[PDB]
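Before any questions on how it binds or moves, here is one chain, the form solved without the ligand, in structure tokens.
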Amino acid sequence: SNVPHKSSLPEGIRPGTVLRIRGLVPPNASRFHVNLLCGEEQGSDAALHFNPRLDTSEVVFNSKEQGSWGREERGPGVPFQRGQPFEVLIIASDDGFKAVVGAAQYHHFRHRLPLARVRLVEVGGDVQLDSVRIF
């Protein structure tokens, strides 16, 4: 019960910015998502779409440009489980986003959109959020 979450970044983010998301996957959770959007308007571009799927045991990465999604990327397995807490670090570098789950590097999302367009992070879905901090 702290979702949807919205953390506006009007000054944007750059290589070095760390997104720290902690929360709990509720018992009957299906899926939740973390989005890095380029605007507050609905249907805006998504520099990143981190999508853990508990029902299909997958973590999907994708982008959305001009109301059209790109090709989906998938990470190795699902480092999320129903009934367990998690910590996610989404780290912006010069050449992409590094996704860290549970003290280990999980997947490197190659940069598709210009990083300077990111203006907002949003977390939604079947997740009970503890904290969303941007360093």
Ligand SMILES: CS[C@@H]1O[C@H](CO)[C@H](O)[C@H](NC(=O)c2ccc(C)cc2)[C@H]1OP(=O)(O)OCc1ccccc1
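In this text, residue numbers run from 1 along the sequence as written.
Omitted from view is the form solved in complex with the ligand, to which the following refers.
Picking from 79 to 87, 92 to 100, 37 to 45, 57 to 65 the stretch near the ligand in the deposited bound form, with a 4.5 Å limit on heavy atoms, gives 57 to 65. Proximity of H107 to the ligand in the deposited bound form falls outside the 4.5 Å heavy atom cutoff.
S30 falls outside the set of residues with a heavy atom inside 4.5 Å of the ligand in the deposited bound form.
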